[PDB]
Structure formats: structure tokens, C-alpha cells
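Worksheet: one structure, shown below.
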Amino acid sequence: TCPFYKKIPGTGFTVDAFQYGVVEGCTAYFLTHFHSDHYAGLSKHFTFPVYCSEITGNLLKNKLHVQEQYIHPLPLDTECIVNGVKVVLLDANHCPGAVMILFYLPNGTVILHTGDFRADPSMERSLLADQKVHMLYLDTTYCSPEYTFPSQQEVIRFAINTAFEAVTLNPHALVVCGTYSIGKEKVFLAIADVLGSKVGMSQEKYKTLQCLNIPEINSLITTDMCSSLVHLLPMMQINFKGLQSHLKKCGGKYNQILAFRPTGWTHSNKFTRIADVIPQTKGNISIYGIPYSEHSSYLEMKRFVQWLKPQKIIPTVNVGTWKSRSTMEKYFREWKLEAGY
Ligand code: NI
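Each number in the authors' numbering comes from the position in the sequence shown (counting from 1) with 699 added on.
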């Protein structure tokens, strides 16, 4: 049965609610982004209207085989009417195709559902600037001050400089980058660009990437592994055993591997600056964990909410324990007292 925080009151609408069977009273199912925790339950047999971005729609059709007659893609930054209610989709600064959704309810209530997001000051100049929000359904993934990490731009700078140094010292080193979902494509794209290489990957992953509307993508990726010195592998293979095994398969073209695991936050963020990060090494294999986040840091989240000044906040993440729920509610009250709304 569908939890309350996935239902939009005053509407026929749910958000990211595909794993509950037919939801009583739902006339339109919204999907914020193509990550499995949110799409869980969709397939070619789904026969209700799904509302989403163009990019999400391309993934639904090609990877999950959802039939075309039920996919309803909407443009970003454009007022749309859905079953008699005005909606707007806004870029979430998450993975490709990820949206926040603004619902303008018949009674005058305005609701913002952030999906998954990485808050940014550029959001303060979207269509949000114009009007008041009564209810905010908030991605609270890192809602505690211990959660700090660098900008995406500092993390990419580190990765480009690390990769370019290693391969310039040893032309026979291979770079490997781990993946398990869409998102974080800048990591492997920026490294391949500095090295003058295409990124090499499986057919299944190439297919995924071709649904993302990335400009000049045919210029940046390939399935011909032999021609590439940046390879993508499943995240579970990014360990000394799985990397050794991979180096076997490269037919003595390479004698060293430098590998990257983009994670979210890890506790080494509490102690170590990005500049100072070092790898784990075994023989001719080194692995760097890099804190490339597609969710808000604590301070980013706080700034966004104190700018928005919502009347009520409903968390969508960390809601399963009373200790988490208490922690979040205490921070929301602090932010409101400090900013005076
Ligand atoms: Ni996500």
C-alpha cells in the first residue's frame, strides 16, 4: 500500500509510486527520474498514463519496454495542464532527465515535490521565484550537518588531473570507472576528453547512454573496447580481484590500472580534503573513491529551504526511523527560527 508522502492531496496524482499495484484513486502516475528505487514496478505491461521528462520517457520505452501510448513526456520550464491541473517540470540537478514537479492545486495551494535533487542557487531564478509554496516534499537524503562534500567541479578537477598525470607517466596504463545506474557521467566523460579517447563500454550501457540527449555523444562513447583507454565496468567489479581479471582480457595492451569509484558521501569526508585524497593500491592496481554527489549537501539543502520559505515540509527520505524523523524535524524548526518565516 502506497505511503502518504507519495500522494498529492487534492489531485488524482502519485509520485514515484509504481510498486504498490493499482493505487485507488490515481488517474496519473508521475515519475521524477529513472533510478530503480523510484521506477520499481514499471514494465511493458503497465497500462496507466505515466508523466515524466523526455529523457525519462526515452529510457522507459527502450530499457523497460513501456508501450508508447502510455508515455506522456513534458517539456521543462513550461506550464502544462494534466487532468485539469496546472503543472511545471523543473531540472533537479540530479541524473539526466531528473525533475522537480510544481502542482498548482484547484483551491490555490502550491506544492513543490523535489524528487531527488542537488540544490543549487541557480534554482532561486527558475519559475520558483514568482510565487509562494505551501507544501514542500523534500529529498532529505543528507539532512544532517556531518554531511559535507566538495563541489562537483572540484571533484572533476581532481579526477582529470589524476588521470592525465598517471597516463602521461605511463602510456600503457588503462583507466577504469565504475557505474550502476545513470547519473555521474561527467566523471568518465571528462577523463576520456583529457586523454583524447572515447569511453569504452558494454552494449547494454551504450544503449542507456544513447537515450540521454547528450550533445555530440556519438563522438564520446563506443562499444569497441580495443580502441579505448577509458573503460566502464559495473560498480561491483571495482575491486582488486575484478580489476585483475579485467586486465587479463585486454591482451597485453596495458600493464597498470587506475580505477575510480564515484560514491556519495563517506566518513573519510569528515577528515580528508579532496586535494589530499589517496588511493588503495595492490601491485599494479590503484582505486580512488571520489565523493561525487548528485544529492544536496546539508548546507545546500538548508539554503534552498530558507530561500523558499515553505509553510510545511514533508520529508521523502530517512522516514523509516523515529530517530531520523526527530532529527529532521529539529533542523526544519532551527532553519525557520533563524530565517524568521
Ligand atoms: Ni535518485
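C-beta atoms are modelled at their ideal positions from N, C-alpha and C, and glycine is treated no differently.
Considering Cα atoms alone, identify which of the options is closest to residue i.
i	options	result
residue 749	742, 741, 743, 771	771
residue 912	966, 829, 884, 874	884
residue 931	812, 790, 916, 904	904
residue 998	839, 777, 844, 882	844
residue 1007	821, 852, 887, 757	821
residue 840	1027, 1039, 898	1027
residue 743	723, 764, 732	764
residue 799	817, 784, 782	817
residue 972	849, 958, 702, 908	849
residue 982	1020, 801, 921, 872	872
residue 829	865, 880, 776, 1034	776
residue 756	779, 729, 740, 782	729
residue 945	922, 889, 1012, 874	874
residue 831	1010, 1022, 1020, 887	1010
residue 722	1029, 1039, 710	710
residue 855	1031, 996, 974	974
residue 781	1022, 1040, 727	727
residue 797	1012, 851, 737	737
residue 940	925, 853, 746, 956	956
residue 1013	734, 921, 819, 834	834
residue 869	853, 902, 914, 928	928
residue 766	866, 1003, 746	746
residue 740	720, 991, 761	720
residue 731	714, 853, 725	714
residue 852	886, 1017, 879, 866	886
Name the DSSP beta bridge partners of residue i, please?
i	result
residue 790	798
residue 803	785, 809
residue 963	Looking at the DSSP assignment, residue 963 forms no beta bridge with any residue, so it has no partner.
residue 985	957, 980
residue 1083	Any question about residue 1083 goes unanswered here, given that the chain covers just 700 to 1040.
residue 779	786
residue 751	772
residue 836	812, 1013
residue 872	955
residue 899	921, 930
residue 948	The partner list for residue 948 (beta bridge, DSSP) is empty, contrary to what the question assumes.
residue 706	713
residue 861	Beta-bridge pairing links residue 861 to no other residue.
residue 740	BP columns for residue 740 are empty, so no partner.
residue 990	962
residue 877	932
So residue i packs on residue j, CB below 8 Å; how close in whole Å?
i	j	result
residue 794	residue 993	6 Å
residue 704	residue 1015	6 Å
residue 810	residue 916	Their Cβ separation, rounded to whole angstroms, is 35 Å, which puts residue 810 and residue 916 out of contact at 8 Å.
residue 1001	residue 964	With 8 Å as the limit, residue 1001 and residue 964 do not qualify as a contact, their Cβ atoms being about 16 Å apart.
residue 960	residue 899	With a Cβ gap of about 18 Å, residue 960 and residue 899 do not count as contacting.
residue 942	residue 984	5 Å
residue 958	residue 989	With 8 Å as the limit, residue 958 and residue 989 do not qualify as a contact, their Cβ atoms being about 11 Å apart.
residue 881	residue 733	6 Å
residue 996	residue 847	6 Å
residue 925	residue 758	So it is not a contact: roughly 28 Å between Cβ atoms.
residue 813	residue 836	7 Å
(message) Does the contact criterion of 3 or more C-beta pairs under 8 Å hold for the stretch 973-987 versus the stretch 847-863?
(response) Contact holds: three or more Cβ-Cβ distances are below 8 Å.
(message) Three or more C-beta pairs under 8 Å: does that hold for the stretch 951-961 against the stretch 894-903?
(response) The stretch 951-961 vs the stretch 894-903: no contact.
(message) Using a Cβ distance threshold of 8 Å, determine whether the stretch 919-938 contacts the stretch 965-975, with at least three qualifying pairs required.
(response) Judged by Cβ distances under 8 Å, the stretch 919-938 makes no contact with the stretch 965-975, as fewer than three pairs qualify.
(request) Say whether the stretch 772-787 touches the stretch 752-759, bearing in mind that this needs 3 or more beta-carbon pairs closer than 8 Å, one atom from each stretch. (result) Inter-segment contact for the stretch 772-787 and the stretch 752-759 is present: three or more beta-carbon pairs are separated by less than 8 Å.
(request) Say whether the stretch 818-832 touches the stretch 788-805, bearing in mind that this needs 3 or more beta-carbon pairs closer than 8 Å, one atom from each stretch. (result) Taking one beta carbon from each stretch, the stretch 818-832 and the stretch 788-805 have 3 or more pairs nearer than 8 Å; the two touch.
(request) Specify which residues have a beta carbon nearer than 5 Å to any heavy atom of the ligand NI, listing them in chain order. (result) Residue list for the ligand NI: 734, 815 (CB closer than 5 Å to any heavy atom, chain order).
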